[PDB]
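Participant: For the sequence shown, the entry's author numbering assigns the number 1069 to the initial residue and increments by one for each residue that follows.
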Amino acid sequence: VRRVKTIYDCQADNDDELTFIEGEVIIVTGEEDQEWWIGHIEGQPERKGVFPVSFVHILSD
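Here it is in structure tokens:
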């Protein structure tokens, strides 16, 4: 369960996609593709789904 710190805003359109803005913490809970991981907003785990990796700043926390 690695953590990522969104450095770009991602305005999802599908409910499978995750919606977040710059500064959101996401806990990586799975992986789909190189640019597409599965995870949840830290502090609000009900916000989860797929999120673009090129939009987040990964911490090996």
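The beta-carbon is built from N, C-alpha and C at its ideal position, and this holds for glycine as well.
Could you tell me the distance, in whole angstroms, from the CA atom of residue 1105 to the CA atom of residue 1113?
Facilitator: 15 Å
Participant: Flag residue 1072 as yes if its beta-carbon sits less than 8 Å from any beta-carbon of chain C, otherwise no.
Facilitator: No chain C is present in this structure, which holds just one protein chain.
Participant: What does the alpha-carbon distance come out to for the pair residue 1100 and residue 1120?
Facilitator: 10 Å
Participant: Hey, residue 1093 and residue 1117: beta-carbon distance below 8 Å or not?
Facilitator: no
Participant: At a cut-off of 7 Å, would you count residue 1109 as near the ligand COA, judging by its Cβ distance to the nearest heavy atom?
Facilitator: Among the components modelled here there is no ligand, and therefore nothing to report on the ligand COA.
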